[PDB]
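Heads up, the thing below is written out as structure tokens.
Numbers restart at 1 for each chain; the letters A, B, ... are given by sequence-line order, proteins then strands. Hydrogens, waters and symmetry mates are skipped; everything else that's a heavy atom, side chains included, is used. Just so you know, ligand 1 is whichever comes first in the structure, and atom 1 is the first atom listed for that ligand.
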There are 2 protein chains.
Amino acid sequence: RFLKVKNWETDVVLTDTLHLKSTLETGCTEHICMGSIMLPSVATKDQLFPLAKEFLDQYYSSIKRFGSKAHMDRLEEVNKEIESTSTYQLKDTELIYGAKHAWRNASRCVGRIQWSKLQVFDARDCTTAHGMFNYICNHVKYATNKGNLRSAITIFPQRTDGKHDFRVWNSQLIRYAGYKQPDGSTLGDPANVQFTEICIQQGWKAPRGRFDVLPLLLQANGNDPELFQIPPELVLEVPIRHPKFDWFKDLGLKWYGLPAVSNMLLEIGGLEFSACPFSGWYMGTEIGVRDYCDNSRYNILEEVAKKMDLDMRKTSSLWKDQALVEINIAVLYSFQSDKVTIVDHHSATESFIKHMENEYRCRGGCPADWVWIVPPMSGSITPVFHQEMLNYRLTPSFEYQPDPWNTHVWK
Amino acid sequence: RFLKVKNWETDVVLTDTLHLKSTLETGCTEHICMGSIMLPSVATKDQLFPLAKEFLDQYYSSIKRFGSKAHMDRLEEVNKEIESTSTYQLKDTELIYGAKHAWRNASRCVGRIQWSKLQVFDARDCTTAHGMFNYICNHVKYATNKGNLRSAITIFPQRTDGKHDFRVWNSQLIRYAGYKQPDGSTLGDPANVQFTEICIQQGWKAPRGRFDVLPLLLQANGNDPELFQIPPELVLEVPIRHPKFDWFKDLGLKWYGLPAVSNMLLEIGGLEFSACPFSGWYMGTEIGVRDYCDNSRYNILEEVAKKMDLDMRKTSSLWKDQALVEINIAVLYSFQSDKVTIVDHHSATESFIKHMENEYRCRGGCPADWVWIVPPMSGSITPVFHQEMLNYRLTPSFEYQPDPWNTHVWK
Ligand code: HEM
Ligand code: HEM
Ligand SMILES: CN(C)CCc1cc(F)c(F)c(CCc2cc(C(F)F)cc(N)n2)c1
Ligand SMILES: CN(C)CCc1cc(F)c(F)c(CCc2cc(C(F)F)cc(N)n2)c1
Ligand SMILES: C[C@H](O)[C@H](O)[C@H]1CNc2nc(N)[nH]c(=O)c2N1
Ligand SMILES: C[C@H](O)[C@H](O)[C@H]1CNc2nc(N)[nH]c(=O)c2N1
Ligand SMILES: [Zn+2]
């Protein structure tokens with residue numbers, strides 16, 4: 001019941017007891033492991049109070065005030081409010097604690113060594129999509145910090161009934177558009193082709209090019225979502241050049257500095273925050289490997305290998321691999337030269353092992369999803385490849401949610 | 001109960017019903033996924049007959065003779081023999097069927113597209129370590145086929161009581177020795193340092209160099225294991241050169257052509273075969289990435305990067321990654337130029353997806369362990385990265401077993 005995980009590079013053994021506190025379910029059974037399924041799968045007042053009590057019990061235990069009167073009263077105070085309202089409201093300090101621990105508990109996130117330094121923006125007084133725009137703009141400006149990126153999250157009002165939901169319809173705050181061509185090909189980011197068409201459907205005048213920063217599509221309190229263009233001065237972008245190959249600039253590649261996921265759901269003491277955009281900084285491989293070299297994304301291995309003069313006839317020339325390393329040297333070099341925060345998969349994975357050691361000592365474990373933690377290139381020359389990881393679901397948490405354009409009853 | 005797995009590169013969906021036939025347990029629960037734990041964890045006559053019946057029921061169903069008289073008699077015949085002997089003996093055709101399906105069911109094996117073309121050598125009449133040597137020698141010669149490698153397995157007598165076990169103490173038939181130095185460093189393969197010392201303890205005159213092919217250490221019917229040197233003409237080796245870098249030959253690297261695991265246990269209808277060395281051919285990354293570049297193995301990224309003239313000061317120069325690709329181009333190129341069978345991770349992973357499609361149609365699924373299937377470099381530019389895989393344990397199977405030098409009551 002007190003499980004051991006081993007590092008097979010260093011022979012370090014850590015003991016996990018935190019998984020005992022785990023509540024949610026993983027999708028796996030004794031007879032089938034679903035560790036590689038990508039997206040495994042109202043709320044009544046009866047369900048709400050154990051979840052609030054559970055959350056408050058760990059909140060007061062963390063500020064070294066577990067079981068005191070100020071605890072019990074808050075416990076009673078929330079009990080009474082759930083009786084009277086069939087929901088309840090977090091104190092500001094509980095919101096900050098909750099959001100930081102949703103990130104701390106995100107088993108697929110390799111960046112969690114920084115989980116305690118998260119800037120929480122309370123947008124729970126917001127009522128209009130224009131207000132969301134204003135908040136998201138302030139978030140972007142703050143998080144970007146002129147390239148000295150800072151972790152942040154902005155938390156819009158919690159779900160109530162379920163038909164009054166705040167949603168950022170964008171999957172990320174800053175994403176490049178994707179347009180299907182007449183000849184079937186795709187310009188820009190193929191991932192966003194559908195969302196790009198939703199913005200056009202709502203009146204976005206697309207500059208039909210490569211790296212067109214999409215507009216924000218914001219839904220307030222269940223209403224129809226509204227388009228807003230982020231002031232370009234707030235969208236920090238990095239032109240991608242190589243420290244050796246001067247033809248690399250002529251590729252005309254660039255990326256945005258700020259990774260900021262906006263489609264996920266934050267759960268805190270049973271309260272659901274449907275719009276909670278959060279941002280950090282990139283690990284290079286997210287751009288260099290997946291964004292640029294996924295077959296169904298920008299898919300630039302072809303052109304980079306052509307310009308590298310590579311034996312592209314055979315599979316075993318490893319021309320794909322060789323061009324992949326150059327592309328990731330270039331992403332990292334471009335970001336660093338522009339003083340835009342970025343971490344390489346070697347630095348980030350070493351930090352995660354050091355993070356894991358901290359969490360096993362002062363917390364009893366660290367839920368971790370190996371499938372997502374190991375980088376998409378050079379896996380085994382990073383320390384996380386050789387690290388056994390227990391995956392389990394703790395709360396507060398970030399959860400997936402349906403895309404709003406399947407759920408939303410339009411007008 | 002009829003689960004779906006998706007490919008996120010191609011949007012192909014397959015439906016798994018084979019997991020219903022699964023019997024063993026995975027280590028995961030509804031509350032904790034152990035998909036990244038490396039080694040998760042006598043036999044009575046009551047337990048034996050359901051396992052025999054289960055196996056025979058699928059054997060006759062596969063030669064299109066399920067439930068016939070020849071089935072029922074074999075069923076009765078094995079029932080009677082388990083009553084009378086508290087164990088039983090497989091027909092030759094059942095041994096071949098069993099061994100092929102142990103490989104077919106090996107969820108961590110990416111090479112399984114070839115599972116039906118396995119050459120099974122029945123060594124169940126063997127009685128002495130000298131006899132094992134003779135059989136293993138014939139296996140090596142056959143499997144090597146002068147570089148045109150052929151899949152094979154040699155099956156020594158099944159376990160009976162448990163103190164009369166046949167064991168190949170070697171983890172693989174052909175492995176390089178590893179010697180700890182006076183200054184603490186390691187010459188050769190650090191993985192084998194302990195086993196290398198066991199061979200010296202038993203009288204092996206080590207040529208204390210790099211790539212010293214270890215001797216076979218063979219235990220027959222529970223007796224003390226005996227040393228045998230494989231005739232060097234049977235050990236096919238590949239000197240590693242690069243198609244560009246002529247200094248690469250001066251690295252003095254080489255590897256053996258034949259991967260042949262010898263420490264695992266084959267389970268067929270409840271019968272345990274403790275010595276069942278099996279061989280195929282290498283995927284390049286096994287050598288180029290793990291053998292050569294694991295920190296706790298040969299660990300040659302340092303020297304290769306030095307000779308490549310690489311910015312080794314910073315982590316984010318990706319000098320490790322860049323040297324890793326060159327090393328794997330070289331392994332592949334050297335093997336192919338010598339006409340020694342080898343597959344690149346691009347060819348092998350594409351074959352495994354094609355293998356998966358075959359198994360989902362004509363079998364209802366394919367147990368697969370993503371953590372092991374995805375190659376240790378360039379993961380996401382291979383199709384298996386984007387393939388959801390269900391892992392579950394089917395039988396016949398290859399299982400891990402304790403190393404014999406912890407179990408063996410010596411003389
Ligand atoms: C500070 C720098 C950060 C880095 C370097 C980082 C890195 C990563 C990476 C590489 C992934 C893999 C998922 C993918 O490849 O798309 C990931 C996932 C994730 N990140 Fe982090 N991240 C950072 C900050 C944050 C912050 C501030 C939050 C929340 C406040 C967060 C929440 C998450 C979540 C919830 C996931 C998992 C999504 C899922 O469950 O599928 N990250 N991160
Ligand atoms: C024919 C060419 C073959 C190729 C290219 C191949 C490739 C691989 C690779 C890359 C692994 C990953 C494990 C590691 O990295 O050490 C593996 C595992 C494995 N292979 Fe295959 N293999 C082949 C043939 C065979 C054969 C003939 C058998 C049995 C008769 C077999 C049985 C296994 C088993 C049981 C494992 C998993 C060990 C475990 O459960 O941890 N393989 N294979
Ligand atoms: C399969 N795809 C669609 C999953 C989508 C997806 C969902 C997530 F929750 C998620 F975090 C990511 C990583 C991007 C990312 C986010 C952050 C954070 F600060 F915002 C930092 C960072 N470095 N990278 C991707
Ligand atoms: C963590 N380590 C110690 C696990 C050891 C280990 C156990 C195994 F069963 C296993 F198959 C391997 C792969 C080697 C291999 C084997 C074969 C086959 F034909 F023999 C073919 C191939 N290409 N590669 C490694
Ligand atoms: C099929 C598989 O689950 C899927 O491709 C996963 C694999 N691991 C990943 N890991 C990260 N970090 N990001 C991803 O999108 C994925 N995709
Ligand atoms: C911790 C982790 O389970 C371990 O390092 C695994 C990861 N995946 C692997 N995959 C393969 N093919 N071979 C391995 O040895 C490993 N090692
Ligand atoms: Zn699992």
Side-chain angles (χ1 to χ4, degrees), chain A residues 38-39 99-100 102-115 117-120 143 149-153 171-173 191 258-264 266 276-287 289-291 341-343 345 347-348 351-352 369 372-373 375-376 380 397-400, chain B residues 8 38-39 99-100 102-115 117-120 143 149-153 259-261 264 266 276-286 289-291 341-343 345 347-349 351-352 369 372-373 375-376 380 397-400:
Chain A
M38 245 209 45
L39 311 175
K100 286 185 186 190
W103 179 16
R104 199 195 188 173
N105 293 336
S107 50
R108 292 184 162 167
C109 175
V110 71
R112 285 181 279 166
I113 203 200
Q114 280 268 30
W115 73 266
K117 297 198 122 276
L118 177 69
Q119 181 54 43
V120 180
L149 270 38
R150 295 185 285 190
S151 313
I153 181 168
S171 61
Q172 298 182 9
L173 295 182
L258 188 74
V261 161
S262 53
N263 54 11
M264 281 190 77
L266 164 59
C276 58
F278 55 84
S279 62
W281 51 82
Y282 267 114
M283 192 174 54
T285 55
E286 296 181 78
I287 296 162
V289 186
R290 312 294 318 284
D291 288 332
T341 299
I342 196 150
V343 64
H345 46 292
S347 215
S351 93
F352 184 74
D369 184 341
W372 287 58
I373 295 292
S380 62
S397 64
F398 296 104
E399 300 297 335
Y400 283 108
Chain B
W8 293 88
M38 245 209 45
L39 311 175
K100 286 185 186 190
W103 179 16
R104 199 195 188 173
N105 293 336
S107 50
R108 292 184 162 167
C109 175
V110 71
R112 285 181 279 166
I113 203 200
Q114 280 268 30
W115 73 266
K117 297 198 122 276
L118 177 69
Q119 181 54 43
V120 180
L149 270 38
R150 295 185 285 190
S151 313
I153 181 168
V261 161
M264 281 190 77
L266 164 59
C276 58
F278 55 84
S279 62
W281 51 82
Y282 267 114
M283 192 174 54
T285 55
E286 296 181 78
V289 186
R290 312 294 318 284
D291 288 332
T341 299
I342 196 150
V343 64
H345 46 292
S347 215
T349 56
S351 93
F352 184 74
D369 184 341
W372 287 58
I373 295 292
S380 62
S397 64
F398 296 104
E399 300 297 335
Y400 283 108

*asked:* Give me the nearest non-hydrogen protein atom to atom 9 (F) of ligand 3 as residue plus atom name, then the distance to 0.1 Å.
replied: A:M264 SD, 2.7 Å

*How far does OG of A:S279 sit from CD of A:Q119, to the nearest 0.5 angstrom?*
10.5 Å

_Per-atom contacts of ligand 3 with A:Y282, taking only distances under 4.0 Å to non-hydrogen atoms_ = 23 (N)

*For ligand 3, find out whether one of its N or O atoms is nearer than 3.5 Å to an N or O atom of A:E286.*
yes

*For A:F278, counting its heavy atoms only, list the atoms of ligand 3 lying under 4.0 Å from any of them.*
9 (F), 18 (C), 20 (F)

*Pull out every atom of ligand 1 sitting under 4.0 Å from any heavy atom of A:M283, numbered as shown with elements.*
10 (C)

*Name the closest protein heavy atom to atom 16 (O) of ligand 2, giving the residue it belongs to and the distance to 0.1 Å.*
B:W372 CZ3, 4.2 Å

*For ligand 3, does A:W103 get within less than 4.0 Å through its side chain, its backbone, both, or neither, judged by non-hydrogen atoms?*
neither

*Which residue and non-hydrogen atom of the protein lie closest to atom 4 (C) of ligand 2, and at what distance in Å?*
B:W281 O, 3.4 Å

*Any idea which part of A:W281 is under 4.0 Å from ligand 3, heavy-atom wise: side chain, backbone, both or neither?*
backbone

*When you measure from atom 24 (C) of ligand 2 to every protein heavy atom, which one gives the shortest distance, and what is it?*
B:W103 CZ2, 3.5 Å

*Out of A:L173, A:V261, A:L149, who gets a non-hydrogen atom closest to atom 25 (C) of ligand 3?*
A:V261

*asked:* Considering non-hydrogen atoms of the protein only, which is the closest contact for atom 5 (C) of ligand 3, and what is the distance?
replied: A:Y400 OH, 4.2 Å

*Pairwise distance CG(A:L173) to OG(A:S262) - rounded to 0.5 angstrom*: 4.5 Å

*Among the heavy atoms of A:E286, does any lie under 4.0 Å from an atom of ligand 1?*
yes

*asked:* Checking the side chain of A:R290 only, and the main-chain atoms of B:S380 only, is there a donor and an acceptor separated by less than 3.5 Å?
replied: no

*Which of the atoms in ligand 1, numbered in the order shown and given with their element, are less than 4.0 Å from a heavy-atom of A:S279?*
27 (C)

*Measure from atom 8 (C) of ligand 2 to every heavy atom in B:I153, B:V343, B:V110 and give the option owning the shortest one.*
B:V110

_Close-contact set for ligand 1 against A:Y400 heavy atoms, below 4.0 Å_ = 38 (C), 39 (C), 40 (O), 41 (O)

*Which atoms of ligand 3 sit under 4.0 Å from any heavy atom of A:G280?*
18 (C), 19 (F)

*At their closest point, which heavy atom of B:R108 faces which heavy atom of B:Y400, and how far apart are they?*
NH1-CE1, 3.8 Å

_I'd like to know if atom 3 (C) of ligand 3 has any protein heavy atom within a distance of less than 4.0 Å._
no

*Approximate separation, where rounding is to 0.5 Å, of A:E286 CD and A:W281 CH2*: 12.0 Å

*Does ligand 3 have any atom sitting under 4.0 Å from a heavy atom of A:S279?*
yes

_So which atom in A:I153 and which in A:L266 form the shortest heavy-atom distance, rounded to 0.1 Å?_
CD1-CD2, 4.1 Å

*For A:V120 and A:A99, which heavy atoms make the closest approach, and how far apart are they?*
CG2-CB, 4.2 Å

*Please name the pair of heavy atoms, one in B:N105 and one in B:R112, separated by the smallest distance, quoted to 0.1 Å.*
C-NH1, 4.1 Å

*Measure across A:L149 and A:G280 and return the closest heavy-atom pair with its distance rounded to 0.1 Å.*
CD2-O, 3.8 Å

*Nearest protein heavy atom with distance in Å, relative to atom 1 (C) of ligand 3*: A:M38 CE, 3.6 Å

*Verify side-chain contact (heavy atoms from CB on, under 4.5 Å) between A:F398 and A:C109, making sure each step is shown before the conclusion.*
CA-CA 11 Å; A:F398 296 104; A:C109 175; over 6 Å; no

*Protein heavy-atom partner closest to atom 43 (N) of ligand 2 - residue, atom, separation in Å*: B:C109 SG, 3.4 Å

*Report the part of A:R108 (side chain from C-beta onward, or backbone N, CA, C, O) that has a heavy atom under 4.0 Å from ligand 1; answer both or neither where that applies.*
both

_For ligand 1, the portion of A:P259 having any non-hydrogen atom under 4.0 Å away_ = neither

*Return the residue, atom name and 0.1 Å-rounded distance of the protein heavy atom closest to atom 34 (C) of ligand 2.*
B:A106 CB, 4.0 Å

*When you measure from atom 32 (C) of ligand 1 to each heavy atom in A:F398, A:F278, A:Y282, which option holds the nearest one?*
A:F278

_Spacing of B:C276 atom SG and B:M264 atom CE [to the nearest 0.5 Å]_ = 7.5 Å

_Show the nearest heavy-atom pair for residues A:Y282 and A:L258, with the distance to one decimal._
CE1-C, 4.4 Å

*Distance from B:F352 atom CZ to B:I373 atom CD1, nearest 0.5 Å?*
4.0 Å

_Spacing of B:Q114 atom CD and B:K100 atom NZ [to the nearest 0.5 Å]_ = 10.5 Å

*Compute the shortest N/O to N/O distance between A:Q172 and ligand 3 and return yes if it is under 3.5 Å, no if not.*
no

